[PDB]
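S.K.: so I pulled this structure from the PDB, and the sequence comes with it:
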Amino acid sequence: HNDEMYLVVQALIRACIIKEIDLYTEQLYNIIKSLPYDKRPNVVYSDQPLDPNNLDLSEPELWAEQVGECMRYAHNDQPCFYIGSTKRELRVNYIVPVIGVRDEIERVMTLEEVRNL
Amino acid sequence: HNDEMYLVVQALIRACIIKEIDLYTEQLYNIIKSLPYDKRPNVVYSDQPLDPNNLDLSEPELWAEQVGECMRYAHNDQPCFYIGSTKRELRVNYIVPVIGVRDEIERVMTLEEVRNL
Amino acid sequence: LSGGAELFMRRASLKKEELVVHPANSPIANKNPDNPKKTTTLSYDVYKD
RNA sequence: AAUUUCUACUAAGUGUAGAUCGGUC
RNA sequence: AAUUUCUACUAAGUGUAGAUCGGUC
Ligand SMILES: [Mg+2]
Ligand SMILES: [Mg+2]
């Protein structure tokens, strides 16, 4: 019960991380659903733990299309973030908003969502 | 490094717990602020990590006064919950919703907040 | 009227795992910028398909 | 829950409806 | 984003605005 509890501790670190991401997803969901679909930021999407205070701008998976339609998951009720229009079916559950359009974006844009409105 | 990191890991477990309490405080904050002050649940109030899945009704600090005036606490952006009227000034930020008057009440009533109305 | 009335039975495609809803008593945003309102709120469930 | 101070508010969007003369246990 | 099916909505509260003859590549 030495290394097993060690990887359990790693799973608990990932639990605190994914609950920080889920908490910021909830408050960020509130400030995004406060916006009338025009002052929305261009948001990086992912289906992986994306940890906005530890964002890595390395891979070409970074994308900057305007988010919308952040509705539930009605077996577990979630904020869900279609990255395009209604009819693109690109639902995700991990988002980080950034500055503007594509190509070597700026870095983080943390907690400036009230300055978008 | 033998005994200190042990309580560091325990502090991380308490961090995951208090972020669960903060998340349920956030969702519960939204579902309570979507209610018109008359169908409000009778809310146990505390300024302590209150963890409704690990609730113990042994102390005499149980109280079921109807909640009201839930608003924002922007110095650390915390959701603040008054427990009396406007003019009782007993602000708290840890809440558990149950049913009814005082004395050996119903126990927890978690995840039934949509059934309030 | 005319002949050849045809009753078509149709099966289910979306299973019960991937249903996504608009919940009750939650002010959601609105798509059209020409909307004179900005939010809307219902008292029941609005599903997806 | 914003006020010349107090109270009931959010009340058409940094406010609305009232009332208040004296310094003194 | 709820439909007899399709599309843009929430549009006064399990809907609203239009359009659709045909089984066949
Ligand atoms: Mg007052
Ligand atoms: Mg549609």
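M.R.: It's in. Residues are numbered from 1 along each chain as shown, chains lettered A, B, ... in the order given. Ligands and ions are numbered 1, 2, ... in the order given.
S.K.: okay, CA-based contacts and neighbour counts for the rest of this
M.R.: Noted.
S.K.: check contacts around the nearest residue to residue A:34 once chain neighbours are set aside.
M.R.: Distances taken as C-alpha to C-alpha, 6 or more residues apart in numbering or on different chains place residue C:29 nearest to residue A:34, at 6.7 Å, with adjacent residues excluded. Counting by C-alpha atoms under 8 Å, 6 or more residues apart in numbering or on different chains, residue C:29 touches A:33, A:34, A:35, A:36, A:37, C:38, C:39, C:40.
S.K.: tell me the phi and psi of the nearest residue to the first one once chain neighbours are set aside?
M.R.: Which is residue A:33. With sequence-adjacent residues excluded and distances taken as C-alpha to C-alpha, 6+ apart, residue A:33 is closest to residue C:29, at 5.6 Å. With angles defined as degrees, to the nearest 10, residue C:29 sits at phi -80, psi 180.
S.K.: strands of chain A, start to end?
M.R.: All strands of chain A, identified by DSSP state E, fall at A:42-46, A:65-66, A:94-98.
S.K.: would you turn those into CSV with distance to residue B:26 and mean neighbour count?
M.R.: As requested, the strands of chain A are exported to CSV (distance: least, C-alpha to C-alpha, whole Å; neighbours: other C-alpha atoms under 10 Å in any protein chain shown):
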stretch, distance to residue B:26, mean neighbour count
strand A:42-46, 23, 21
strand A:65-66, 25, 20
strand A:94-98, 18, 24
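S.K.: okay, these in JSON lines with distance to residue B:43 next?
M.R.: Converted to JSON lines, these look like this (distance: least, C-alpha to C-alpha, whole Å):
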{"stretch": "strand A:42-46", "distance to residue B:43": "37"}
{"stretch": "strand A:65-66", "distance to residue B:43": "40"}
{"stretch": "strand A:94-98", "distance to residue B:43": "32"}
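S.K.: for RNA strand D, which of those strands is the nearest?
M.R.: RNA strand D lies closest to strand A:94-98 among the strands of chain A, at 25.3 Å (C-alpha to the nearest atom of the strand).
S.K.: just the contacts of residue C:29: which are in helices?
M.R.: Among those, the ones falling in helices (DSSP state H) are residue A:33.
S.K.: looking at the contacts of residue C:29, spot the one nearest RNA strand E.
M.R.: Nearest member of the contacts of residue C:29 to RNA strand E, counting by C-alpha to the nearest atom of the strand, is residue C:40, at 5.2 Å.
S.K.: tally of neighbours for that closest one?
M.R.: 11 (other C-alpha atoms under 10 Å in any protein chain shown).
S.K.: shouldn't it be in contact with residue C:24?
M.R.: No: assessed by C-alpha atoms under 8 Å, residue C:40 is found out of contact with residue C:24, at 11.0 Å.
S.K.: which single residue of chain C ends up nearest chain B?
M.R.: Closest to chain B within chain C is residue C:25: 6.3 Å, counting by C-alpha to the nearest C-alpha.
S.K.: what distance do you get for the residue of chain A most remote from its centre to chain B?
M.R.: For chain A, the largest distance from the centre (C-alpha atoms, centre = their mean) belongs to residue A:1, which lies 35.5 Å off. Between residue A:1 and chain B the computed distance is 15 Å (C-alpha to the nearest C-alpha, to the nearest Å).
S.K.: residue in chain A nearest to chain B?
M.R.: For chain A, C-alpha to the nearest C-alpha, closest residue to chain B: residue A:16, 5.0 Å.
S.K.: do I have it right that that residue meets residue B:22?
M.R.: No: counting by C-alpha under 8 Å, residue A:16 sits too far from residue B:22 to count as a contact (12.0 Å).
S.K.: how about residue A:38: what's its closest non-neighbour residue?
M.R.: residue C:33 (7.7 Å).
S.K.: got it, and residue A:94?
M.R.: The shortest distance from residue A:94 to any non-neighbouring residue, by C-alpha to C-alpha, 6+ apart, is to residue A:46 (5.0 Å).
S.K.: residue A:90 is in contact with the one you found, correct?
M.R.: No: using C-alpha under 8 Å, residue A:46 is not in contact with residue A:90; the gap is 10.2 Å.
S.K.: contacts only, for residue A:29.
M.R.: A:70, A:79.
S.K.: mind checking how far it is from residue B:72?
M.R.: Residue A:29 sits 16 Å away from residue B:72, taking C-alpha to C-alpha, to the nearest Å as the criterion.
S.K.: right, I'll call it a day here.
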